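Contents: one structure, followed by commentary.
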Ligand SMILES: OC[C@H]1[C@@H]2[C@@H](O)[C@H](O)[C@@H](CO)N2C[C@@H]1O[C@H]1O[C@H](CO)[C@@H](O)[C@H](O)[C@H]1O
Ligand SMILES: OC[C@H]1[C@@H]2[C@@H](O)[C@H](O)[C@@H](CO)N2C[C@@H]1O[C@H]1O[C@H](CO)[C@@H](O)[C@H](O)[C@H]1O
């Protein structure tokens, strides 16, 4: 019997809703990750029967019908570098077969997870994680992960936000082609050839529907502007509350009776697809999450990543010996680059930004997403220079690169600094010889990382850059980026294992 | 690892699907939607892209190589009844195993298909088909079919329009509960007890999201009116062209640049979910299919079936010995009946009708859907007597019951007569003692059916009632309804095998 993976709200019906609303567990993700002990359809029937009988106890019912999700001790005195290098096994999972009905989706090879409540692989986190794995010589683990993503492309049609049934309805910022280039650093062109069809199938997922799409319209993850410019947006195929944030999403939508709930759920999910759940970047009112409108906003990071995909597809086509095909992908990438420079650059403010599909204007706000055009080498040299200035002036802080300069109360905003954006900014700036700002981001963020390591003996998911669910530890992309920056800031011939206290 | 069910062909194959359909290599768009890929679609897409980048690429040859297309002499002298009874094995499929990428979905038990291009099981057709199977003693097949539908509810969460990957995003008019009751006629309460959990799970699919829906809003298949009244609508979870009608749907949306294509696609798919694809019933302008707005219309047929589902759920609960649960279901059914009498009855005109979410008013048009509240015994007697009058004056025709009185050019409109509606109308009228009208419909429709049989020796999907893709032959529901009607119109001790020439 083939399986058709269904998310927990669908599998369990209102029992899911009831358990989440009762908040039997302090994290909504906990019950999303419960494994039913038997056919969920029969559990549901048993539940209706038991509610209509005498002394029913929901907590007792759950305990007998579900299995729920289940402390690293390093040797003493490790440097920052040793600590990170020793954590890889702790963050590695091997889940080749899962119980029927489990929300965790099987994967053929071992994979590194972020840490803490994140007990599954994450699409964009993995790239940054794999950079650290590659840096420390764990190439089997890098190849394992590229294989896992290729397998998901093959089985599902795309790479899901992560390997959970409740993540299938969306993807995440697309780094798979970049992971294939990373593997190519170790295996050579062989990597490009090995994964060309999977890269092409991913691209087709992102571009699905494009060829029948009329100008001025959108569908799924594609937009076609009035002049025919083709760009992508983040989109989730569902319009209901996220199982893993069930009560929160319902509260968010209920707090705004001015919009149908379904529209708000779709925008929340699509912001989860963007990786930036959540951010003033998406909101009409920077202090009210319930005003977000992610699907009406064309993201400049996503589109930089799509240019990069198209450029890598050209390189892999060529390596496969398909020259005419490589030229087709170059032509595609050239158009993407024109689209970015016209529609994703704000000439009044002097920086890259998202495009607004409601107002048909470039948006005003500067965020760390504005560095992606540099990261992918799509940007004009003159605009890269302006981005260095914008960065120095508005985003660089003592503890690293600020996500935005808006303190909204949300995670993807001031004062939060996120490792992936530190690295994207650093690499972006270096691409255009802006070494000083690059180095400032790197030193500032590392100093922040080392400080928390000294005091707490750990690394965490994000950092407050104003000085150098609860906060989670581990932590995949922080670890990977820390290794890359460490190497960057000390000479190649005399590497440091902790951030030097004096620059 | 357990194999996953494939995506629909458009998603599976990428732009190759779109290309093959646009080229109209086959005269039926459904043909390529039913193509079996000979290897992994991921590799086929890559091969396609590569070969397009060469001289003399031939699309048709590429399809011939990479896909396999889908693949009766009765004894002489059969009466109409004997012909039908001999055809059951001809229309019966056994497909316990399918190739991993076939759009055909596996089923564990044999099943009767409608005929012709309908090479898969259909949700609502199957009920009328199973009535015929039951009448001619084929209870094994009835049980096979109920088991199949219970299995789909278990694996997918609902019964799809049919067992095809491109039907998974929608259901059909819900008859599963009535199929269980049919089987209960032979088995007794054993059937209700056995399938109670699957009936409950189908109900949860129809009502999914209801717990958190605010008054005045809709979501998926549920609507909640401003006074809190709960009703259902037809809904498809996708908003793209139907693979099996690809070019038609694209042309339809293209001809109305006043609406986003995705909304039109969602409304086309939702009409397919209603079984009435297509009809003036859903359309603002009857010569523009592109003006249909299915998802903004509360259907009186669907909501009658929902009432009947609730009634059957109470009856099954009682048979399983849970009296309090049974009373809960009775209460829901009572609420549904009030909803129907209030929002799905047009008192100005004196007939049942759909409710319009856009204008907040009961609609004016009389269609054969209006007999549904009689069929499920939801209607007040005085309203049933009015329906008999309405039926005589507007719908009854020499060749049977007209679907509507509007000759739009669409299939579910004058002058087309469809077997399921003949039977729904006949039984509903009989439920309220309106014997004369019910017999007229039966004699008139049967005479139509007999004459096509006399001339062409076949039964077909629909009939022109003004007198007694191309037209399909078989035909499951026509065969089922004809057996029930033949038994109805002749004395028990003088059964007929052909419709008598003189009533
Ligand atoms: O802002 C918190 C995000 C952040 C993502 O950017 C990372 O991909 C991920 C793990 O490091 N991460 C946690 C959170 O996203 C995940 O968790 C939420 C629920 O808390 C999911 O809804 C989201 O889809 C998932 O990526
Ligand atoms: O009027 C055409 C409908 C009619 C449905 O009411 C029946 O369920 C079905 C088979 O007898 N039937 C043919 C057609 O619907 C089917 O075919 C179309 C494409 O031609 C699909 O889009 C539709 O989903 C499917 O039910």
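Any read-out appearing in this document is the output of simple, stated calculations on the displayed coordinates, not a laboratory observation. Heads up, the Cβs are rebuilt from the backbone with ideal geometry, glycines too, and the neighbour counts pull from every protein chain shown.
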Within segment B:448-462, does at least one residue satisfy the condition of being away from ligand 2 (no atom under 16 Å from the Cβ), within 25 Å of the chain's Cα centre (by Cα) and closer than 29 Å to residue B:380 by Cα?
no
Top-ranked residue in segment B:131-159 [being more than 14 Å from every other protein chain (Cβ to nearest Cβ) and touching a strand residue (DSSP E or B) at 6+ places or on another chain (Cβ under 8 Å); ranked as surrounded by the fewest Cβ atoms within 10 Å (Cβ to Cβ)]:
B:144
Restricted to segment B:266-280 and to residues being assigned to a helix (DSSP H, G or I) and within 12 Å of ligand 2 (Cβ to nearest atom), the residue surrounded by the fewest Cβ atoms within 10 Å (Cβ to Cβ) is B:272
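Yes or no, residue by residue, for (1) over 17 Å from residue A:229 (Cβ atoms); (2) within 14 Å of chain B (Cβ to nearest Cβ):
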{"position": "A:286", "(1), (2)": "yes, no"}
{"position": "A:293", "(1), (2)": "yes, no"}
{"position": "A:312", "(1), (2)": "yes, no"}
{"position": "A:315", "(1), (2)": "yes, no"}
{"position": "A:328", "(1), (2)": "yes, yes"}
{"position": "A:332", "(1), (2)": "no, yes"}
{"position": "A:345", "(1), (2)": "no, no"}
{"position": "A:351", "(1), (2)": "yes, no"}
Hey, residue A:87 within 16 Å of ligand 1 (Cβ to nearest atom), crowded, with 17+ Cβ neighbours inside 10 Å, within 11 Å of another protein chain (Cβ to nearest Cβ) and under 33 Å from the mean Cα position of the chain (by Cα) or not
no
Looking at segment B:466-488 only, could you name the residues that are crowded, with 16+ Cβ neighbours inside 10 Å and in a helix (DSSP H, G or I)?
B:476, B:477, B:478, B:479, B:480, B:481, B:482, B:483, B:484, B:485, B:486, B:488
Which numbered condition residue A:60 fails, given (1) more than 14 Å from chain B (Cβ to nearest Cβ); (2) assigned to a loop (DSSP other than H, G, I, E, B):
(2)
Only one of B:28, B:47, B:40, B:34 is within 14 Å of another protein chain (Cβ to nearest Cβ) and under 33 Å from the mean Cα position of the chain (by Cα), namely B:40
Could you tell me whether segment B:442-462 includes any residue that is assigned to a loop (DSSP other than H, G, I, E, B) and over 28 Å from residue B:145 (Cα atoms)?
no
Among the listed residues B:205, B:167, identify the single one that is crowded, with 23+ Cβ neighbours inside 10 Å and closer than 19 Å to residue B:266 by Cα.
B:167
Name the residues in segment A:90-116 that are in contact with a helix residue (DSSP H, G or I) (Cβ under 7 Å, 6 or more places away or on another chain) and within 14 Å of another protein chain (Cβ to nearest Cβ), would you?
A:101, A:105, A:107, A:108, A:109
Residue A:398 within 16 Å of ligand 1 (Cβ to nearest atom) and closer than 29 Å to residue A:272 by Cα:
no
Scan segment A:157-179 residue by residue and report those that are assigned to a helix (DSSP H, G or I) and in contact with a helix residue (DSSP H, G or I) (Cβ under 6 Å, 6 or more places away or on another chain).
A:166, A:176, A:177, A:178, A:179
Residue count for segment A:386-413, restricted to those that are surrounded by 16 or more Cβ atoms within 10 Å (Cβ to Cβ) and out of contact with any helix residue (DSSP H, G or I) (no Cβ under 9 Å at 6 or more places or on another chain)
2
Filter segment A:6-57 for residues that are crowded, with 21+ Cβ neighbours inside 10 Å, on the phi < 0 side of the Ramachandran plot and in a loop (DSSP other than H, G, I, E, B) and give the result.
A:7, A:33, A:34
Tally the residues that are assigned to a helix (DSSP H, G or I) and within 10 Å of chain A (Cβ to nearest Cβ), restricting the search to segment B:252-265.
5
Which one of the conditions (1) in a loop (DSSP other than H, G, I, E, B); (2) in contact with a strand residue (DSSP E or B) (Cβ under 9 Å, 6 or more places away or on another chain); (3) closer than 28 Å to residue A:91 by Cα does residue A:411 fail to meet, given that it meets all the rest?
(2)
Lone qualifier among B:249, B:277 - being away from ligand 1 (no atom under 16 Å from the Cβ) and either away from chain A (no Cβ under 12 Å) or under 30 Å from residue A:252 (Cβ atoms) (or both)
B:277
Going by the conditions given, is residue A:232 facing chain B (nearest Cβ under 7 Å), more than 26 Å from residue A:9 (Cα to Cα) and touching a helix residue (DSSP H, G or I) at 6+ places or on another chain (Cβ under 7 Å)?
no
Condition test on residue A:387, is it over 25 Å from residue A:473 (Cα atoms) and within 24 Å of the chain's Cα centre (by Cα)?
yes
What number of residues in segment B:315-338 are closer than 22 Å to residue B:424 by Cα and touching a helix residue (DSSP H, G or I) at 6+ places or on another chain (Cβ under 7 Å)?
4
